[PDB]
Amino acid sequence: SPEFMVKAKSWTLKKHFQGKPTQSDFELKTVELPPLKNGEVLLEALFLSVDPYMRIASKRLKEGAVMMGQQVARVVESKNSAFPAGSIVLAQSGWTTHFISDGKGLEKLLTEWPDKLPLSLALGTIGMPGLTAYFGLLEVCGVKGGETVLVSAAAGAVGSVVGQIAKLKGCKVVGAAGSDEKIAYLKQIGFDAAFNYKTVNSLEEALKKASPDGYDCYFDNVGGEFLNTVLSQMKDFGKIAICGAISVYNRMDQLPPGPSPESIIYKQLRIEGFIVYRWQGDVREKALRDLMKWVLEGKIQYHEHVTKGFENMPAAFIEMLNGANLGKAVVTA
């Protein structure tokens, strides 16, 4: 009978990002939640995700609106039989602690989820980033064993999966990340070679040294100048999966010099962009089951860069874009 008020906190974009995002660009907001109506559910954020795409997608956002994003939530109260109280769900509810949903965009967590795996993996390795890697590598690059794969942002959420899936499929893998720590971690999880792109004497020589015969596929997470240099190291008919271009997210208006036509043409390279969401239904579930299975078998190792506290979400996003994160950046409620 007693009714208790639910305070929902949200992170809103105060001012659009000029260059690198700063704390001042965000403003905490609090809103009192109305009671649930028939066919509605009240969600309580457990784990929130911060992702690179937010830096770009934030532009289409109206200043004052809530930042976009996916989160793992728990159903506190329910008046929707499909989502019973206590059930776990994935929601594109944005940066908010609590949220009322009619059940539309809600996605039930993979059934048979092991207690030993933290639920936050549903936002990374056994989630969107892991699916991005799975498809961009196996579908776009289309590796079938033996190929040499280069992956930028190798110690990131997507890159970490790419490299390990490439290894379990019999490919030689070269990874590039931003710290000596990430490089050491890459060697530990199975990368054949890895170098710190920030301290390299010569990017061309490093890539050459890592694979003198070149690369069959380059999973591009960085774009920009790094991409331009890689082209010269690609084998004839080599594929380039354009997954992201994080190096230019803060300078989309003033993009750096482009890729050389000479390399693209004479080496007859194939460059292809893609988005995770292209793969739906049965193939997507299959991919999730495989990632789950590979994690349990120890094939795909993982690490989460956990930031505790909803109030520290802007910092977690900013630092993730700056490279402080080893593995998936996740913010615990």
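Just count from 1 along the sequence shown to find any residue number.
Third-or-more of other entries without residue 153
No: coordinates for residue 153 present in every compared entry.
Missing-residue flag, residue 249, threshold a third of other entries:
Residue 249: unmodelled in a third or more of the comparison entries.
When the C-alpha temperature factors are averaged for each of 319-327 and 13-21, which stretch ends up with the higher value in the entry?
Per the PDB entry, the higher value belongs to 13-21.
Mean CA temperature factor from the deposited coordinates, higher in 278-286 or in 66-74?
The deposited B-factors put 278-286 ahead on the C-alpha mean.
Per the entry's Cα B factor values, which of 222, 165, 109, 157 stands out as the maximum?
If I rank 222, 165, 109, 157 by C-alpha B-factor, first place goes to 109.
Checking the entry, which one of 129, 103, 175, 136 has the top C-alpha B factor?
Largest recorded C-alpha B-factor: 103.
Which third of the chain holds residue 232 when residues are ordered by C-alpha B factor: lowest, middle or highest?
According to the entry, residue 232 has a C-alpha B-factor in the chain's lowest third.
Would you mind ranking residue 150 by its C-alpha B-factor against the rest of the chain and naming the third, lowest, middle or highest?
As the PDB entry reports it, the C-alpha B-factor of residue 150 lands in the lowest third of its chain.
Of the three thirds of its chain by CA temperature factor, lowest, middle or highest, which one includes residue 26?
Residue 26: CA B-factor falls in the highest third of its chain.
Please place residue 295 in the lowest, middle or highest third of its chain by C-alpha B factor as given in the entry.
For residue 295, whose C-alpha B-factor we compare with every modelled residue in the chain, the answer is the highest third.
Residue 265 CA temperature factor, ranked by third within the chain
For residue 265, the deposited C-alpha B-factor lands in the lowest third.
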